[PDB]
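Presented below is the structure to which this report refers.
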Amino acid sequence: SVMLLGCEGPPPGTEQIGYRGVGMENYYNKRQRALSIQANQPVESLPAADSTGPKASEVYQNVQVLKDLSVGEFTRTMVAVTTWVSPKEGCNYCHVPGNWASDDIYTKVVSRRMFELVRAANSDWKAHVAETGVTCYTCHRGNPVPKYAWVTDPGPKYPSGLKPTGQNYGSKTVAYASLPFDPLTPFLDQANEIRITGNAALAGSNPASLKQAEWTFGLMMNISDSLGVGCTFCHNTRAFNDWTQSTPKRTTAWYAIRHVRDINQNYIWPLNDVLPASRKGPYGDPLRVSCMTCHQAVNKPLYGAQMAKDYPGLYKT
Amino acid sequence: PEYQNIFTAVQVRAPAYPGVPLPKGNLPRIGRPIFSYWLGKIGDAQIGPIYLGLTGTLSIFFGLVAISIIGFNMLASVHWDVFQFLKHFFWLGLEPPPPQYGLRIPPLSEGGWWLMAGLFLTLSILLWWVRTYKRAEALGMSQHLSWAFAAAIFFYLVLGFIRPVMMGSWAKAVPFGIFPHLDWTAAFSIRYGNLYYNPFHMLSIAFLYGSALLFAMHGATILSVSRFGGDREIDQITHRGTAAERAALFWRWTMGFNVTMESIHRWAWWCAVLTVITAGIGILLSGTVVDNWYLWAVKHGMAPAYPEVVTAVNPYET
Amino acid sequence: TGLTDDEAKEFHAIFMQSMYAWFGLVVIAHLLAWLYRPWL
Amino acid sequence: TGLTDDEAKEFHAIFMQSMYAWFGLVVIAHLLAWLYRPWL
Amino acid sequence: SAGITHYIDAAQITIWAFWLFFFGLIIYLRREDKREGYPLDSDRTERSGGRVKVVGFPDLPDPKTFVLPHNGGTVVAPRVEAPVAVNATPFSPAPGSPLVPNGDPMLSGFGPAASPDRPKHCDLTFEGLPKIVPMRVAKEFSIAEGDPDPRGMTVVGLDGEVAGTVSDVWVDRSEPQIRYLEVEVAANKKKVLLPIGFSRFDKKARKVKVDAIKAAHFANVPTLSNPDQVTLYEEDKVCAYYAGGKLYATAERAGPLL
Amino acid sequence: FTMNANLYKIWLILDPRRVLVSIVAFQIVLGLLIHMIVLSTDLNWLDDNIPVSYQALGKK
Amino acid sequence: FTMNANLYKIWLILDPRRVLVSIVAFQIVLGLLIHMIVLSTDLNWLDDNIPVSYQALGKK
Amino acid sequence: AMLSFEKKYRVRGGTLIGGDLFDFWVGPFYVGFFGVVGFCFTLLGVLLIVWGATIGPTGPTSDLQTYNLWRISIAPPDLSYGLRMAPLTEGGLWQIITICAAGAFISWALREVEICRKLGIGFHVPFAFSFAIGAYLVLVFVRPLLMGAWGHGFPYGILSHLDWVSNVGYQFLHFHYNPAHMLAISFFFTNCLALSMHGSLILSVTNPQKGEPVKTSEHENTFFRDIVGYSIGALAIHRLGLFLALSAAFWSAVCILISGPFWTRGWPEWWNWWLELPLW
Ligand code: BCL
Ligand code: BCL
Ligand code: BCL
Ligand code: BCL
Ligand SMILES: CC[C@H]1c2cc3[nH]c4c(c3C)C(=O)[C@H](C(=O)OC)c4c3nc(cc4[nH]c(cc(n2)[C@@H]1C)c(C(C)=O)c4C)[C@@H](C)[C@@H]3CCC(=O)OC/C=C(\C)CCC[C@H](C)CCC[C@H](C)CCCC(C)C
Ligand SMILES: CC[C@H]1c2cc3[nH]c4c(c3C)C(=O)[C@H](C(=O)OC)c4c3nc(cc4[nH]c(cc(n2)[C@@H]1C)c(C(C)=O)c4C)[C@@H](C)[C@@H]3CCC(=O)OC/C=C(\C)CCC[C@H](C)CCC[C@H](C)CCCC(C)C
Ligand SMILES: CC(C)=CCC/C(C)=C/CC/C(C)=C\CC/C(C)=C\CC/C(C)=C/CC/C(C)=C/CC/C(C)=C/CC/C(C)=C/CC1=C(C)C(=O)c2ccccc2C1=O
Ligand SMILES: COC1=C(OC)C(=O)C(C/C=C(\C)CC/C=C(\C)CC/C=C(\C)CC/C=C(\C)CC/C=C(\C)CC/C=C(\C)CC/C=C(\C)CCC=C(C)C)=C(C)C1=O
Ligand SMILES: COC(C)(C)C/C=C/C(C)=C/C=C/C(C)=C/C=C/C(C)=C/C=C\C=C(C)\C=C\C=C(C)\C=C\C=C(C)\C=C\CC(C)(C)OC
Ligand code: HEM
Ligand code: HEM
Ligand SMILES: [Ba+2]
Ligand SMILES: [Ba+2]
Ligand SMILES: [Ba+2]
Ligand SMILES: [Ba+2]
Ligand SMILES: [Ba+2]
Ligand SMILES: [Fe+3]
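Going down the list, the sequences are from chains C, M, 6, 4, H, 5, 3 and L.
As numbered in the deposited numbering, the first sequence has no gaps in its residue numbers, which increase by one up to the final residue, 333.
As numbered in the deposited numbering, the second sequence has no gaps in its residue numbers, which increase by one up to the final residue, 319.
As numbered in the deposited numbering, the third sequence has no gaps in its residue numbers, which increase by one up to the final residue, 46.
As numbered in the deposited numbering, the fourth sequence has no gaps in its residue numbers, which increase by one up to the final residue, 46.
As numbered in the deposited numbering, the fifth sequence has no gaps in its residue numbers, which increase by one up to the final residue, 259.
As numbered in the deposited numbering, the sixth sequence has no gaps in its residue numbers, which increase by one up to the final residue, 61.
As numbered in the deposited numbering, the seventh sequence has no gaps in its residue numbers, which increase by one up to the final residue, 61.
As numbered in the deposited numbering, the eighth sequence has no gaps in its residue numbers, which increase by one up to the final residue, 281.
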């Protein structure tokens, strides 16, 4: 042996997706479903805060985001942001001791930007986030650094004589498959074309390359894996491009891809100058966002637990 | 109980046989034989001698060159760490020139090795072709192999050489890697709108299933009449025996008609040659003639409709 | 069937009584099954 | 079945007592299982 | 107008081309299928006195000649074969009914015991020496290191009785292998062939089982008109007898089961 | 409602051993079939747990 | 419900080794089978965490 | 009607069941008890596939109803029915048709069995057939069972079953990475090679260049030994081919048996056991 090998027992949990007989179905491990559920547990809310009081911007010195919050509510919001992003470190993580109003430590200029990142998320991307919305926790999980944040990767080494395959390697990025190992930068950072399928049967009006097909395939494998599902979750594989035969999750995923293009482009890249080398990859690019970061292998972060509705301070205006 | 003719239960030896004599021009034969008691457990235990002419040597030569470019490239891709090479081997591969290059001969570091391995591989394959025709002539026999090999070469050429050139892009040929070439297959189907609705690929699939059906049937038959020396198909073909009779009759009583000891080999031959011949046709038309087979099938009303029980609104249209 | 006319009297006897024995165990289990949990 | 009439009384005896022994182990385990965790 | 979509594209017309070549192919293979066994046997032919030779669709292909090597002959297909009586009688006079073999089923040479008349000459090596010959004729041959030598094992029929013992081993001079077992029969010390296909080994016991026939039947094994070689005719005659035991050697292989 | 019984004669026409395994096999199959039918239906006894569903003895 | 004391003759009709090994195979099969059958229902006895969760809270 | 050498073999008996009851021929087909049963299973099956084509998924007047040969399709019930019999017009029909198909194939096999018993030939064919029957059963009986519902079976329709294969395969992201799949594919391919080589050989020797006589066993072996240094030999190639084809069916049956019931994750991920060994 030639060991044998990697295997689950019967019966798997199953779900019918499409019409009977069409083959659109999903299988899953009950064990791992219960463990995943236990690991994707949400932090209970802090009691709502009364008030009825002056606005935060009236009692504090450097409040550029969480303005219209009552003092009480602001305080509540601070306690949540503390346990949510850096509970082992507490208040002092993002503040200059003795001086709550100072921005003299980077983790705060960043915290500020992330208050605008979450607010933007919950109020502008519902076609994506619905009524669950997002919170600090979604990515942080009691951690200062989202465990599942990413960076553009260079692949393994190549002598100077030859250039990288761009694909062809053992990569848990692309589900272990051999497609290209960084299908994120061109799709979840930049906004390259995913579409390769022609809309006409005969040819002469679709320049899509086979290579483009493999890149779309790699990216798709990533996506599938990050939300922890299969193509029948969003598609009808007889026609990947056919939108009417897809599931409303394809629609949601469409809007999500754009959302990650906005998080990575106008909220994370700009923070690259005030962040330390420890938070940067070999090309100087910074740890950014992907679908995994938030979903962490589940179709809805924390199995669609609704955390944000309890904190009004995470919504715009 | 009764022997099944699966395992030679008791074998016998005689001095190895260097074989029927070739006329002048067909060079000596090389190597001197050996017997593997285990091959012998299931088949002729004789290993070789082999023939190697100009053709054969020039083919072994080209072929090993091609295998070296592919391999060396794979070791290079994991940095000459042979451990890593061993670890990702299944995932290692030599990708093709990028499209930016079209059909031009590209730099070493960008695909030129693929074009050289592709070049040398094809030449070595077609030389092995000629080899099998020569080897088939020295014996006065016919070119049935060579017409099949020519069919399989046809598909190969269609995959990595004919379609790429027609499509004006070496990047469309298949890359050398186990898992990589698996991905090329899948990506290939995806890019051209689900290859399942491509009729030629359905026929080729009918012919592959059929090569399995025919060899399974015929093989089962011949073993079932192996008690009558039915395996000795040559003399059952010239002097029909109760083996060829019981054989043809088993099928006659089961499905109503039958063939003969000689003709079943024609059904088999044609069915194998057919896989590769529908297959190549199938690839020939992908991108050159049809770009989206699912669509093609809809245009010819072959694609089924199911109650639309699940659907998604198209964001490109909002 | 290489039986005598009497070894079809004998066999028939053991066969019938045995089959009836089976039917007996059957009425036991179906009886218990109905008592604990009627199905009709 | 290459047995004598003298050796199927003997065999049947051994078969029966052994089989019943099995059924005993079974009834035991079904009893312990029912106690630790009744299933009906 | 630079858009008049044509409804016929290269894939249609190429699938059409395929189907036409296909039909011609099928037909052709079905013609090669009638190079033997044809024209068929009906009571349509006999009722009509013969003006209805049965051949179906397609028709029969012109004879083809096989030129056997070594002064062997010339064979044709399709050919005209002389009818041959049936060693049996209709289980029913109604058509499609089977026939019951006449006499002692294994002797009948009917049913699993039937066989045609192949040449009364021998298959030959490339050189032209009798292909199938015994190891006694084929001096060179030899058992494979680590294989019980069949020579000296006991041949035993289907009901466990000894039949005889292996007196020699016949081999292929063309494709080195055991083709036949020789059996010095116990009951009359006459020599018979036993096809390998009918023989099972019991190596730890040095036995050679035969579910095919009973020990006694070994007495009637068809014989060789020469003990140092065998003819095509004789190979069929030998195997078919054993085959008969598969349905005849017991008053039960006859079936049913229920 | 005619007179001749003596239906023992039945074993003069049908082989007893084969009848035996035929019945034994049929009973085992019919058994698995019926078992599968009731357990896949309402009269089911497994997907219940007495006195309490046991994987709801642990919310945790 | 009483023993026809000529039920030894059953072994004059049915081969002892075959009936025996048949029983062993049938039984071992049913056994492995059932074990999974129960493990597939609510009554699971493996995945319960008794008396304390064995892994951790997570990786820690 | 009979072949010109057939009457001499048309013996009586050999059944498994029926004896003289159905022990007769019809044209060239042998009937027998399993042929009568088979014909019943088959006829009712097909005739029902005909009623399904007649009614369509939404009724005989609906646009989805159809008699177009490419699109007619009878699909299983939803999963909500589990292993119960589902209403006729809700996948029930498919279940019955399935019972008929399985029964017809098993009957067919048993009839080839009675036919082997008659002709006195080996039972290699119906045994081999039984591998396809096995494959069919995992695809309609075993797998959907292990999966708590008959709805996991593939539909009976020319292209709809292709769609089934497609989406079930893609539920695992990249099926090509299924290792049993890789095996099975290799056997189907190798089978296709041996078949093409055997075919070629026989036809290359029994019909040589004009001017040459029927070739010999010596030629046969000398040729493949000339080209590739080995010849497995006549008998064995019939043995190998049977190995390749039956194995191809086998590994297909196991490759699909493990897709669900024994593996739920994507398939390329399986290969993780290889990137994670403590060698690297
Ligand atoms: C709510 C439904 C009830 C239930 C209702 C019933 C009912 C009702 C019946 C059964 C029956 C049986 N059930 Mg239940 N059963 C339940 C749950 C189970 C479970 C389980 C894991 O939960 C199991 C393993 C079983 C298993 C069994 C088998 C012991 C038996 C049928 C076997 C058979 O076909 O005979 C195969 C054929 C044979 C010949 C073997 C018979 C073996 C038995 C033990 C007797 C041995 C005699 C031996 C054969 C004598 C041989 C002679 C010697 C050679 C001389 N049940 C549920 C709880 N079960 C049947 C039964 O037992 O009949 C009384 C029956 O009528
Ligand atoms: C293996 C996974 C899928 C599958 C994969 C594929 C793929 C992939 C393809 C097919 C294709 C087809 N499959 Mg399929 N197929 C499967 C299981 C089956 C079963 C079954 C009951 O088990 C059947 C009957 C069929 C039958 C068929 C035919 C509709 C067609 C060509 C068969 C062929 O040439 O093969 C070789 C066998 C022969 C040549 C023997 C000739 C017998 C003919 C061809 C079969 C007649 C089918 C008949 C038209 C309808 C069934 C009978 C009706 C009940 C009357 N498939 C499984 C479920 N099948 C091919 C196609 O073109 O369909 C679009 C194709 O591309
Ligand atoms: C993955 C997504 C698509 C898919 C996409 C494709 C694509 C794309 C292709 C196929 C191809 C094939 N597919 Mg498909 N296929 C799918 C699903 C299926 C299913 C199924 C049950 O669903 C089946 C049965 C098949 C079956 C088949 C085969 C019938 C067919 C060609 C077989 C072959 O051997 O050619 C292989 C034989 C050869 C290439 C010739 C080999 C000869 C060479 C010269 C040997 C050289 C040896 C070398 C020199 C030795 C040295 C080694 C060096 C290392 C290289 N596909 C799915 C739907 N399929 C072909 C096709 O149909 O195209 C229309 C093809 O290219
Ligand atoms: C779609 C995405 C995945 C895919 C998903 C699947 C799935 C899912 C499956 C396969 C299956 C298989 N795939 Mg695939 N497959 C892919 C790509 C490929 C490629 C390729 C070139 O890339 C190939 C070669 C294959 C090939 C294979 C075969 C190994 C295998 C089917 C064998 C089989 O059915 O035997 C079995 C044969 C039978 C069941 C027929 C039994 C015959 C019965 C008894 C008789 C029928 C009689 C009938 C009535 C005849 C009608 C005649 C009329 C009456 C006259 N796949 C793509 C990548 N593939 C199937 C498999 O794994 O094996 C089952 C399967 O379920
Ligand atoms: C109906 C078409 C089917 C088919 C048919 C087919 N294949 C064929 C043929 C035919 C008719 C041949 O005539 C030919 C053959 O040779 O058959 C045995 C062949 C062939 N099919 C093969 C492969 C093949 N065919 C395939 C497919 C198919 N072939 C279809 C199923 C497949 C697939 C897709 O699975 C494969 C992988 C090869 C065995 C053979 C072609 C071999 C060839 O072209 O050789 C090129 C050169 C080399 C491989 C270099 C030789 C490498 C040596 C092993 C090294 C030895 C070293 C030595 C010790 C010397 C020392 C070195 C010195 C430099 C120091
Ligand atoms: C296992 C190795 C290969 C194999 C072996 C094999 N198949 C065999 C045999 C053997 C040894 C036979 O002896 C037997 C035969 O008779 O030879 C032609 C057979 C057989 N191979 C056949 C088919 C077949 N084998 C296949 C494959 C395989 N069989 C493997 C490749 C395939 C595929 C899918 O590739 C097919 C289609 C049949 C022609 C024949 C068995 C036919 C038979 O048994 O007839 C009785 C049944 C009917 C006449 C029809 C019954 C009617 C049903 C009620 C309706 C059918 C419903 C069906 C389920 C719907 C499917 C719809 C499709 C559109 C999808
Ligand atoms: C309502 C009611 C009363 C009904 C009326 C009855 C009706 C409708 C009658 C119509 C009559 C007709 C036309 C139809 C009957 C249809 C039947 C029952 C079904 C057909 C069943 C059947 C299995 C058909 C399948 C056909 C196909 C193509 C099978 C694939 C196999 C294949 C490629 C076939 C051809 C090649 C064959 C036969 C090879 C067999 C073969 C092999 C394999 C050898 O190795 C061998 C070696 C040495 C000598 C001979 C042989 C040999 O003959
Ligand atoms: C006229 O006769 C002919 C000859 O005779 C002269 C020839 O010599 C020749 C020349 C023939 C050859 C050179 C043969 C060539 C064969 C080739 C190229 C095939 C390639 C095969 C390999 C490389 C070996 C692959 C196989 C293995 C390594 C074994 C692996 C074992 C595995 C996976 C586990 C086994 C278990 C299973 C598969 C599970 C269950 C399987 C079954 C139940 C199958 C049952 C099988 C039988 C046989 C009853 C021809 C063509 C010919 O036609
Ligand atoms: C460390 O390693 C050492 C021993 C050096 C060597 C090791 C070598 C190894 C292990 C190599 C491993 C190789 C493997 C596993 C290769 C696998 C390859 C696979 C699976 C390929 C699959 C498909 C490939 C195809 C179909 C390729 C098609 C390519 C074609 C048809 C190319 C045609 C090109 C031509 C004819 C070139 C024309 C050149 C012209 C003349 C046009 O230029 C002007
Ligand atoms: C319980 C612990 C904490 C307390 C008591 C607390 C308290 C406060 C107070 C009183 C202010 C207003 C100070 C001012 O603007 O003058 C403030 C602002 C702010 N704090 Fe916190 N804080 C806590 C934890 C955190 C954590 C963990 C983060 C980041 C993860 C954070 C990020 C911020 C940011 C960015 C501002 C500026 C707010 C804006 O522009 O809206 N605080 N905090
Ligand atoms: C590994 C299997 C998968 C494959 C092979 C795959 C393949 C593809 C392909 C080829 C396209 C392009 C279709 C076209 O060109 O019009 C596509 C688009 C898309 N897929 Fe996927 N997919 C997979 C899984 C998923 C999953 C799980 C989701 C959702 C979470 C998803 C969501 C989407 C969306 C929204 C689009 C449209 C993107 C756009 O138009 O920019 N796919 N997929
Ligand atoms: Ba899954
Ligand atoms: Ba219940
Ligand atoms: Ba429990
Ligand atoms: Ba633990
Ligand atoms: Ba490690
Ligand atoms: Fe053959």
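We put the CB at the ideal spot given by N, CA and C, even for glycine.
Would DSSP call residue i helix, strand or coil?
i                     : result
residue 307 (chain H) : It is not possible to answer for residue 307 (chain H), since the shown part of chain H is limited to 2 through 259.
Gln-32 (chain C)      : strand
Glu-185 (chain H)     : strand
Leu-100 (chain H)     : strand
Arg-14 (chain M)      : strand
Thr-90 (chain L)      : helix
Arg-304 (chain C)     : strand
Are there 16 or more other CB atoms within 10 angstroms of the CB of residue i, so buried, or fewer, so exposed?
i                 : result
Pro-52 (chain 5)  : exposed
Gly-234 (chain L) : buried
Between which two residues does the alpha helix (DSSP H) holding residue i run?
i                : result
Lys-61 (chain 5) : Here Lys-61 (chain 5) belongs to no alpha helix (DSSP H), and DSSP marks it neither H nor E.
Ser-52 (chain C) : 46-55
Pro-91 (chain H) : That residue, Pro-91 (chain H), is in no alpha helix (DSSP H); its beta strand (DSSP E) goes 89-91.
Can you name the residues that DSSP bridges to residue i?
i                 : result
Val-75 (chain C)  : Beta-bridge pairing links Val-75 (chain C) to no other residue.
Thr-166 (chain H) : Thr-155 (chain H) and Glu-185 (chain H)
Output the boundary residues of the beta strand (DSSP E) element that contains residue i.
i                 : result
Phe-202 (chain H) : 201-203
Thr-155 (chain H) : 155-157
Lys-142 (chain C) : Taken as a continuous stretch (DSSP letters only), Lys-142 (chain C) belongs to no beta strand (DSSP E), being part of the alpha helix (DSSP H) at 142-145.
Any C-beta of chain L within less than 9 Å: which residues of the region 14-48 of chain 5 qualify?
Interface annotation for the region 14-48 of chain 5 against chain L: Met-37, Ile-38, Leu-40, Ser-41 and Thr-42, criterion Cβ-Cβ distance under 9 Å.
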